[PDB]
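Accompanying notes for the structure given below.
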Number of protein chains: 4
Amino acid sequence: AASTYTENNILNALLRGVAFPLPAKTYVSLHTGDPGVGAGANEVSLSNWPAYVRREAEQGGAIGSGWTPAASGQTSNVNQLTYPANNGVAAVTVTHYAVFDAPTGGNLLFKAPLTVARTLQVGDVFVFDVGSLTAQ
Amino acid sequence: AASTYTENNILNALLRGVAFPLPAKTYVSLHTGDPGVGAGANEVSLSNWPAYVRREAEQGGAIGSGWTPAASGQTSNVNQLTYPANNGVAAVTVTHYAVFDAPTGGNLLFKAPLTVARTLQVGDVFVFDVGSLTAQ
Amino acid sequence: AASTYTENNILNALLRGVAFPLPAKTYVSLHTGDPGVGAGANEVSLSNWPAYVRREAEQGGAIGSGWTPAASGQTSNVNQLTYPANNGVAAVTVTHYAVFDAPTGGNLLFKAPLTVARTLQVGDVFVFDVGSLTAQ
Amino acid sequence: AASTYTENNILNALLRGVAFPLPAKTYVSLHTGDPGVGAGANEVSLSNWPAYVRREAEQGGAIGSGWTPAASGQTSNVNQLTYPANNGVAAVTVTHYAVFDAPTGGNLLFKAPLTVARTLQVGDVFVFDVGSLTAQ
């Protein structure tokens, strides 16, 4: 569940030892379908969800406050992410959650499906409970 | 198949944003039993293999020639790795290989079982053919 | 015992004063019989030994570490040299080694008989020990 | 019969890759005793030979006129070298000649015993015929 950008980066850093790009900020995105594995997703929820601003983790913090320190793996959403409510028109379903380095494009850190499929009505806040969004 | 140390570092770099540690040199190791995955390995073969000077990848080069460029995964050990021949005494059986930062200890990057069981007789070189030690 | 090209360069540099070409990389080879002394050899082992990539001294090193600094003559292979294993077919007899500027052709630096003629079986690596290949 | 300086330089140039110091100008000097092959000779004839100014080869040409180009070895001092006549005092026996890059000191490339032992009277120019002083 690692994109070709991040997989290449980690392999090169571990084996080549070349400079590893450091994600200054982390932006979590909601996608109706799974990303390709490439940069971006196929496809982002647009033209039906007018309020689709990517909720940046650790809103108060600058860097590193989004997730718990690594200890035998695992991560947890320390700060709760409250996505903007669906504006209207048609219902939008969320089945995959993806972490993006940039709010717009900017590579795909992790690509992971949701545990349960959720369909958002005309009005839904779709918060993410703390302690989730773990990675191995 | 990833050690906790390297897993902690990659998770920190990807999500938390800590600067990713980068090896000064790459050392390959041969272990009779699979590494403990934590600090150190179980176990380093000494006093059974009289000459076990760990063979560094990219023997003369500074950095960059260890593995083929990472592109949608896959690696290949560019330079043939040939360990000093078994001096004598008792036979050594190997089933795992681990990548170390330092010639002694220095944390553990990878661990993976050998495809086929291989044993070392009285006198043998035990080279690793180019195209092995691949990383995904 | 030294090839004519090396003889020409040594004498010309010592007396006339023209530029002395510097071998960018040093390659060690094997020949079944005595090389001519001229450019090329009679004869290089190929099509009996399918994998015969000529091993470069200081395999990764740029320059200056392939052989120890001279002290009233004599040098030794700093990095242990290992040729690819004999893929198959029949036995090969190696008696003379040559030092090459280029992997293919490109002058003869040294030619020298081995200590004793060595016969390689179906599968053999035929390594060079550290401290061998001494050249006055 | 190549001294340390030239031997170390040629070995480094051929194997290590260090640049070969080129002699901008070549001197011929004569010594009563055989050279030790080390720095300087053992010993230069001085204070017995007041006029011992080392006749440079290629007196007319700037460089490259002293010796014929190398052709599988062999050389010749194309320019005839005529030493000054001995001023006086005692007879000096000339047995060994050496090549110098500098008029005083400045390394010793070649040491060579002379084929016939020559005793120098009160008067002798002690000239070298063309075709003598070969190199190999």
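We label chains A, B, ... in the order they appear in the structure tokens, count residues from 1 in each chain, and number ligands from 1 in the order shown.
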Tell me which protein, DNA and RNA residues are within 12 Å of range 59-64 of chain A, counting only C-alpha atoms, leaving out same-chain ones fewer than 6 positions away, and put them as number ranges by chain.
A: 22-28, 70, 75-82; B: 11-19
For the reference chain D, what are the coordinates of chain B after least-squares fitting (all Cα, in-order pairing), as a CSV table (one decimal) with C-alpha atoms, in the first residue's frame?
chain,number,residue,atom,x,y,z
B,1,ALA,CA,69.1,-1.4,-13.0
B,2,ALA,CA,66.2,1.0,-12.2
B,3,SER,CA,66.2,3.4,-9.3
B,4,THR,CA,63.5,3.2,-6.7
B,5,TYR,CA,62.3,6.8,-7.5
B,6,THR,CA,61.7,6.0,-11.2
B,7,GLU,CA,60.4,2.6,-10.3
B,8,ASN,CA,57.9,4.1,-7.9
B,9,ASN,CA,56.8,6.6,-10.5
B,10,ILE,CA,56.5,4.0,-13.4
B,11,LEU,CA,54.6,1.6,-11.1
B,12,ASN,CA,52.2,4.4,-10.0
B,13,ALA,CA,51.6,5.5,-13.5
B,14,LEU,CA,51.1,2.0,-14.9
B,15,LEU,CA,48.9,0.6,-12.1
B,16,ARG,CA,47.7,3.2,-9.6
B,17,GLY,CA,47.2,5.9,-12.2
B,18,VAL,CA,49.1,8.8,-10.6
B,19,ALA,CA,50.3,11.4,-13.1
B,20,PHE,CA,53.8,10.4,-14.2
B,21,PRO,CA,56.5,13.0,-13.4
B,22,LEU,CA,58.2,14.3,-16.5
B,23,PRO,CA,61.8,15.8,-16.4
B,24,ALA,CA,62.1,19.5,-17.5
B,25,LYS,CA,65.7,18.8,-18.6
B,26,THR,CA,67.9,15.7,-18.8
B,27,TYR,CA,71.3,15.6,-17.2
B,28,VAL,CA,73.8,12.8,-17.5
B,29,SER,CA,76.2,12.1,-14.6
B,30,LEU,CA,79.5,10.3,-14.2
B,31,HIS,CA,80.1,8.5,-10.9
B,32,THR,CA,83.2,6.8,-9.5
B,33,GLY,CA,81.1,4.2,-7.7
B,34,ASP,CA,77.7,2.8,-8.7
B,35,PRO,CA,74.8,5.0,-7.5
B,36,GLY,CA,73.0,4.0,-4.3
B,37,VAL,CA,69.9,3.5,-6.4
B,38,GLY,CA,68.0,5.6,-3.8
B,39,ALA,CA,67.9,9.3,-3.4
B,40,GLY,CA,71.3,10.7,-4.4
B,41,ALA,CA,74.2,8.6,-5.6
B,42,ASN,CA,77.4,7.1,-4.3
B,43,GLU,CA,79.1,9.1,-5.2
B,44,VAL,CA,79.3,12.4,-7.2
B,45,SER,CA,82.8,13.1,-8.3
B,46,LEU,CA,83.8,16.6,-7.0
B,47,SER,CA,87.1,18.1,-5.8
B,48,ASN,CA,88.8,15.3,-7.8
B,49,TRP,CA,87.5,16.5,-11.1
B,50,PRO,CA,87.9,20.3,-11.0
B,51,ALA,CA,85.6,20.9,-14.0
B,52,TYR,CA,82.5,18.6,-13.8
B,53,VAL,CA,79.7,20.7,-15.3
B,54,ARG,CA,77.2,17.9,-16.0
B,55,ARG,CA,76.6,17.7,-19.8
B,56,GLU,CA,72.9,17.9,-20.5
B,57,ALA,CA,71.5,15.7,-23.3
B,58,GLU,CA,70.1,17.9,-26.1
B,59,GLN,CA,72.4,20.7,-25.2
B,60,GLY,CA,70.5,23.5,-26.9
B,61,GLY,CA,67.1,21.9,-27.7
B,62,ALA,CA,64.1,22.3,-25.4
B,63,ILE,CA,62.9,18.7,-25.4
B,64,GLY,CA,62.4,15.7,-27.7
B,65,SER,CA,65.8,15.2,-29.3
B,66,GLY,CA,67.5,13.3,-26.4
B,67,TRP,CA,67.1,9.8,-27.7
B,68,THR,CA,65.9,7.9,-30.7
B,69,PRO,CA,62.2,7.0,-30.7
B,70,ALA,CA,61.3,4.0,-28.5
B,71,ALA,CA,60.0,1.1,-30.7
B,72,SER,CA,60.0,-2.3,-29.1
B,73,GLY,CA,62.8,-1.1,-26.8
B,74,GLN,CA,66.2,0.4,-27.6
B,75,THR,CA,67.4,4.0,-27.3
B,76,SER,CA,70.3,6.0,-28.7
B,77,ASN,CA,71.7,9.3,-27.5
B,78,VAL,CA,71.1,11.4,-30.6
B,79,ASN,CA,73.5,14.3,-29.7
B,80,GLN,CA,77.2,13.5,-28.9
B,81,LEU,CA,77.9,14.1,-25.2
B,82,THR,CA,81.3,15.7,-24.5
B,83,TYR,CA,82.3,16.5,-20.9
B,84,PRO,CA,84.8,19.3,-20.1
B,85,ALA,CA,88.3,18.1,-20.0
B,86,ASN,CA,89.9,17.0,-16.7
B,87,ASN,CA,91.6,20.2,-15.4
B,88,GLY,CA,94.2,18.4,-13.3
B,89,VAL,CA,95.1,17.3,-9.8
B,90,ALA,CA,94.2,13.6,-9.4
B,91,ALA,CA,93.0,11.1,-11.9
B,92,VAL,CA,89.3,10.1,-11.9
B,93,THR,CA,88.0,6.5,-12.5
B,94,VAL,CA,84.5,6.0,-13.7
B,95,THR,CA,82.4,2.8,-13.8
B,96,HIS,CA,78.8,3.9,-13.9
B,97,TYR,CA,76.6,6.6,-15.5
B,98,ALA,CA,73.3,7.9,-14.1
B,99,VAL,CA,70.6,10.2,-15.5
B,100,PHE,CA,69.5,13.1,-13.3
B,101,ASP,CA,66.6,15.5,-13.7
B,102,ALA,CA,68.5,18.5,-12.2
B,103,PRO,CA,72.2,19.5,-12.6
B,104,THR,CA,72.5,18.8,-8.9
B,105,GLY,CA,70.6,15.9,-7.4
B,106,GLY,CA,67.0,15.9,-8.6
B,107,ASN,CA,66.4,12.1,-8.2
B,108,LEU,CA,67.9,9.2,-10.2
B,109,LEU,CA,66.4,7.6,-13.4
B,110,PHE,CA,68.9,5.0,-14.5
B,111,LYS,CA,72.1,3.3,-13.5
B,112,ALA,CA,74.2,0.7,-15.4
B,113,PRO,CA,77.8,-0.5,-15.4
B,114,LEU,CA,80.1,0.5,-18.2
B,115,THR,CA,80.9,-2.2,-20.7
B,116,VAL,CA,84.7,-1.7,-20.3
B,117,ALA,CA,86.6,-0.1,-17.4
B,118,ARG,CA,87.6,3.5,-18.3
B,119,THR,CA,90.0,5.8,-16.4
B,120,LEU,CA,90.7,9.5,-17.0
B,121,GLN,CA,94.2,10.7,-17.2
B,122,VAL,CA,95.6,14.2,-16.7
B,123,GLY,CA,94.0,15.6,-19.8
B,124,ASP,CA,91.1,13.9,-21.6
B,125,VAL,CA,87.6,14.7,-22.8
B,126,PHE,CA,85.8,11.4,-22.2
B,127,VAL,CA,83.2,11.7,-24.8
B,128,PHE,CA,80.2,9.3,-25.1
B,129,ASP,CA,80.0,8.0,-28.7
B,130,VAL,CA,76.6,8.4,-30.4
B,131,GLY,CA,74.8,5.1,-30.1
B,132,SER,CA,75.7,4.6,-26.4
B,133,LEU,CA,73.6,5.3,-23.3
B,134,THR,CA,71.0,2.9,-24.7
B,135,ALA,CA,67.9,2.2,-22.6
B,136,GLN,CA,65.8,-1.0,-22.9
Just list the residues in chain C DSSP gives strand (DSSP E or B) on the backbone, as number ranges by chain.
C: 2, 27-28, 31, 44, 55-56, 67, 77, 81, 92-100, 110-120, 128
